[PDB]
Protein chains: 2
Amino acid sequence: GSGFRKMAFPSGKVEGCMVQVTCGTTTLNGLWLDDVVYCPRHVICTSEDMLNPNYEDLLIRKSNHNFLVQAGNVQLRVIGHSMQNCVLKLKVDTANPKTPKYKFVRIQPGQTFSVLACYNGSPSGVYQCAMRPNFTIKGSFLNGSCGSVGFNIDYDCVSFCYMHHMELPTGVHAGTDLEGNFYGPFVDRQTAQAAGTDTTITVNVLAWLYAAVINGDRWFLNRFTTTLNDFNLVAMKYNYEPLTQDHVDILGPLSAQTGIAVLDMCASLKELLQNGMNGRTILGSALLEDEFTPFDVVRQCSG
Amino acid sequence: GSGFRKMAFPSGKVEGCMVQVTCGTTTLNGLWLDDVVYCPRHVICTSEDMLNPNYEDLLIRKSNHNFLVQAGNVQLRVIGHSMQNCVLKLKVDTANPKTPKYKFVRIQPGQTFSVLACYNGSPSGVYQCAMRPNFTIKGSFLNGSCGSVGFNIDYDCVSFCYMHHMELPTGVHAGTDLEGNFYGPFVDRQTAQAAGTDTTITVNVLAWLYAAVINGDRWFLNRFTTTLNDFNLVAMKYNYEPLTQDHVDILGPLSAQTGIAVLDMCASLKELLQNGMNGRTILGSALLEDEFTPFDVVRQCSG
Ligand SMILES: *[C@](=O)([C]([C][C]1[C][C][N]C1=O)[N]C(=S)[C]1[C]2[C]([C]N1C(=O)[C]([N]C(=O)C(F)(F)F)C([C])([C])[C])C2([C])[C])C1=NC2=C([C]=[C][C]=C2F)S1
Ligand SMILES: *[C@](=O)([C]([C][C]1[C][C][N]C1=O)[N]C(=S)[C]1[C]2[C]([C]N1C(=O)[C]([N]C(=O)C(F)(F)F)C([C])([C])[C])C2([C])[C])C1=NC2=C([C]=[C][C]=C2F)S1
Ligand SMILES: [Zn+2]
Ligand SMILES: [Zn+2]
């Protein structure tokens with residue numbers, strides 16, 4: 001069949017929006033759209049401030065001219081500045097000529113997006129991620145990655161959904177929407193902070209099992225069926241999110257392509273949860289994958 | 001630490017080179033660099049021809065004007081055509097204004113590259129791949145993906161190494177360099193064709209174990225050491241490629257960063273091969289990964 005990979009959106013349209021933002025000695029990435037530059041507000045922090053910053057007091061000591069915005073090897077002139085939640089917005093004199101059509105969106109737990117990991121305003125790599133149920137992501141991010149953004153592409157329109165801010169003690173990642181509001185309960189200070197218990201995104205697992213069937217990987221299809229409540233009792237036990245009839249409906253395309261009822265596919269999933277995989281693999285994986293949505297599977301398997 | 005993901009190069013520079021190529025009713029992707037368009041030569045085939053095509057006889061019945069090259073919603077004029085091995089080269093009247101600095105390279109088994117999967121000359125997604133020892137790739141590719149290219153980025157320079165041509169009966173993929181020479185023993189006809197036995201890329205597995213240590217995942221570090229020959233006897237048995245002193249030397253960076261000798265890391269790998277992973281995971285994987293090179297691990301873990 002198609003084969004199967006974690007695929008990212010083409011990053012060109014976003015590459016044209018990345019810039020370097022410096023304030024004193026701190027440098028990080030910003031996003032230049034029309035005549036506004038968006039970056040994390042803790043660009044105005046030193047190493048000292050980050051333990052418990054008073055962002056309003058810190059920002060008061062800053063002027064337009066304390067902010068050094070550079071695009072390639074070319075400076076921009078900052079003519080205004082405002083803090084919106086955990087984001088700084090810098091008004092510059094020049095509209096980005098490379099600006100794409102774009103929206104800002106706040107995504108839901110379980111949805112996926114592409115990340116363009118950047119350093120010093122320069123793009124380094126692109127990868128695909130999911131917003132975990134506990135509003136963390138499992139990214140790859142070094143010092144200086146802050147202000148890197150996540151996004152989806154509709155057709156000609158880029159929907160920006162994420163800006164990178166921090167790594168939590170567990171080694172997973174947290175950040176904001178493009179209005180500066182954190183996903184999850186996190187704040188932008190250097191303090192011990194815990195995410196909750198994470199859960200598996202059941203509907204995504206089901207989508208990936210449909211992708212497996214479509215590619216010819218069918219060993220795990222068992223001989224039973226189940227009920228929503230029956231499945232959901234089992235899901236509880238294994239830390240899977242509960243499946244609803246919304247989820248059933250969203251899987252309708254894959255269900256109809258394959259001729260396999262959602263509840264039958266749920267029956268096969270139960271048995272995998274209770275019996276394990278016993279050394280076999282599925283689409284070359286020894287674990288159950290939950291970071292492809294139903295939409296993702298449809299794009300890559302059907303086109 | 002960083003975290004760890006299959007990361008692709010940013011695709012923008014390549015997005016600017018993709019075009020649609022049509023001959024009669026067949027359409028596929030081409031690459032527009034300066035005033036040449038490169039595509040697979042079987043663009044000139046119908047469904048009938050593909051069983052056993054005589055490419056020279058087929059191409060003889062074609063003129064410049066039988067070739068419809070379209071970039072966005074804009075036609076180009078074809079003023080010359082030549083077959084180079086399994087590639088068609090079309091001379092057009094217009095130099096690509098978006099052409100990047102570029103080379104054509106023929107990569108070695110075990111090396112990685114990014115693929116920009118395209119349909120109708122339009123980019124759909126980007127993912128990272130390895131050239132298997134038997135010169136196949138495990139891609140994700142639908143009808144119409146042919147002429148999609150693989151590449152690496154040096155700094156400002158794109159090194160094109162792969163053009164997509166076919167899916168083999170096992171559901172893996174084969175194709176050419178940008179001069180039209182197949183990787184592996186494949187030919188461009190619809191016939192049963194077998195790749196050899198594939199093998200694990202041992203040096204890549206070792207690189208990934210170093211990445212694990214760097215991220216704090218250290219459970220598998222055992223208490224022994226080994227010799228190259230000792231390791232290589234064990235490798236033979238499990239279908240791993242033999243490790244050489246070249247490979248030892250290439251791992252020197254990761255070895256020196258971590259303070260763990262290659263041969264000690266080999267000792268840990270042997271035990272994993274003989275004892276298995278026993279339900280544990282490494283960088284969230286239940287299998288041993290062989291599609292990150294030493295260079296790849298250094299970029300993502302050190303930067
Ligand atoms: C960013 O680029 C980094 C990105 C971070 C570096 C390591 N992996 C990453 O994703 N973000 C940092 S330095 C943030 C900022 C302070 C502390 N912090 C952390 O990520 C921090 N995490 C926590 O304290 C947490 F609450 F437990 F999550 C550590 C311990 C992992 C360092 C902020 C304000 C939360 C940025 N770099 C700088 C920024 C501002 C000023 C100077 C920088 F160098 S933002
Ligand atoms: C391409 O876009 C496809 C890509 C292919 C479609 C399914 N997965 C893919 O990667 N390539 C095709 S149609 C090639 C071409 C003929 C047969 N073939 C195959 O990939 C073929 N494989 C074999 O016969 C093999 F030898 F076993 F590997 C199948 C059975 C998988 C179909 C070529 C010349 C080898 C292209 N599409 C067209 C092309 C040319 C003309 C018309 C097309 F529609 S190239
Ligand atoms: Zn999934
Ligand atoms: Zn590897």
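Note that ligands are numbered from 1 as they come in the structure, with each ligand's atoms numbered from 1 the same way. Hydrogens, waters and symmetry mates are skipped; everything else that's a heavy atom, side chains included, is used. Order of the sequence lines fixes the chain letters, A, B, ..., with proteins taken first and strands second; residue numbering starts at 1 for each chain.
Below 4.0 Å from some heavy atom of B/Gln193 lie the following atoms of ligand 2, by number and element: 26 (F). The ligand atoms of ligand 2 that sit less than 4.0 angstrom from a heavy atom of B/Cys45 are 41 (C). Heavy-atom proximity to B/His173, at under 4.0 Å, picks out these atoms of ligand 2: 10 (O). Ligand-side atoms of ligand 1 in range of A/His164: 4 (C), 9 (C), 10 (O), range being under 4.0 angstrom from any heavy atom. Remark: ligand 2 atoms within the under-4.0 Å shell around heavy atoms of B/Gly144 are 2 (O). Interface atoms of ligand 2 facing B/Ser145, defined by a heavy-atom separation under 4.0 Å, are 2 (O), 4 (C). The atoms of ligand 2 that sit less than 4.0 Å from any heavy atom of B/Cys146 are 1 (C), 2 (O), 3 (C), 4 (C), 11 (N), 36 (C), 37 (N), 45 (S). The distance from ligand 2 to the heavy atoms of B/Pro169 drops below 4.0 Å at these ligand atoms: 27 (F). Residue B/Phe141 has at least one heavy-atom neighbour below 4.0 Å for each of these atoms of ligand 2: 8 (N), 10 (O). Which parts of ligand 1 touch A/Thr26 is read off a 4.0 Å heavy-atom cut-off, strictly below it: atoms 41 (C), 42 (C).
Counting only heavy atoms, the protein gets under 4.0 Å from atom 22 (N) of ligand 2. Inside a 4.0 Å radius of atom 32 (C) of ligand 1 there is not any protein heavy atom. For atom 14 (C) of ligand 2, a protein heavy-atom neighbour is present inside the 4.0 Å cut-off. Under the 4.0 angstrom criterion, atom 44 (F) of ligand 2 counts as lacking any protein heavy-atom contact. Taking a distance limit of 4.0 Å, we find that atom 40 (C) of ligand 2 is approached by some protein heavy atom. Counting protein heavy atoms under 4.0 angstrom from atom 4 (C) of ligand 1 gives one or more. Of the protein's heavy atoms, at least one falls inside 4.0 Å of atom 1 (C) of ligand 2.
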Exercise. Go through the steps for B/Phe113 and B/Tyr162 under the test ring-ring contact (aromatic ring centres under 6.0 Å, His included), then give the verdict.
Key: CA-CA 9 Å; B/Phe113 58 97; B/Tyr162 178 86; 5.6 Å; yes
Self-check item: Residue pair A/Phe292, A/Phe4: steps toward the ring-ring contact (aromatic ring centres under 6.0 Å, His included) verdict
Solution: CA-CA 11 Å; A/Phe292 304 92; A/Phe4 213 68; 4.7 Å; yes
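Side-chain contact check for B/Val126 versus A/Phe9: every heavy-atom pair is 4.5 Å or farther apart. You'll find the side chain of A/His42 stays beyond 4.5 Å of the side chain of A/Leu58, heavy atoms only.
When each of B/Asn181, B/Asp188, B/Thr176, B/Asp177 is checked for a side-chain hydrogen bond (donor to acceptor under 3.5 Å, both in side chains) with B/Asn85, only B/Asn181 meets the rule. In summary, of the residues considered (A/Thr27, A/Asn66, A/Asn120), a side-chain hydrogen bond (donor to acceptor under 3.5 Å, both in side chains) with A/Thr22 occurs for A/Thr27 alone.
Remark: aromatic rings of A/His165 and A/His173 are distant, center separation not under 6.0 Å. For an aromatic pair to be called close, the ring centres must be under 6.0 Å apart, and B/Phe135 with B/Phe186 fails this.
In terms of protein heavy-atom proximity, atom 6 (C) of ligand 1 is nearest to A/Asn143 OD1, 3.5 Å. Here the protein heavy atom with the shortest distance to atom 12 (C) of ligand 2 is B/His165 O, 3.7 Å. Looking only at protein heavy atoms, the nearest one to atom 27 (F) of ligand 2 is B/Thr191 O, 3.2 Å. Taking atom 24 (O) of ligand 1 as the reference point, the nearest protein heavy-atom neighbour is A/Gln190 CA, 3.3 Å. What sits closest to atom 35 (C) of ligand 2 on the protein, heavy atoms only, is B/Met166 CE, 3.3 Å.
Residues A/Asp296 and A/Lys6 are not paired through a salt bridge, judged by the lack of any N-O separation under 4.0 Å between the basic side chain and the carboxylate. The existence of a salt bridge linking A/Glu291 and A/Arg132 is confirmed by a sub-4.0 Å separation between a basic side-chain nitrogen and an acidic carboxylate oxygen.
Using modelled atom types, no side-chain atom of A/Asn215 and backbone atom of A/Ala212 make a donor-acceptor pair closer than 3.5 Å.
Nearest-residue assignment for atom 16 (C) of ligand 2 (options B/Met50, B/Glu167, B/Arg41, B/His42; heavy-atom criterion): B/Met50.
Under the 6.0 Å distance and 45° angle rule, A/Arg218 does not count as a cation-pi partner of A/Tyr210.
Between the O atom of A/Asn204 and the O atom of A/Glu289, the angle centred on the Zn ion (ligand 3) amounts to 90° when rounded to 10°.
Between the side chains of B/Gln257 and B/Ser302, a donor-acceptor pair is found at a separation under 3.5 Å.
Here CD of B/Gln84 is found 5.5 Å from CD of B/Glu179. Values are rounded to the nearest 0.5 Å.
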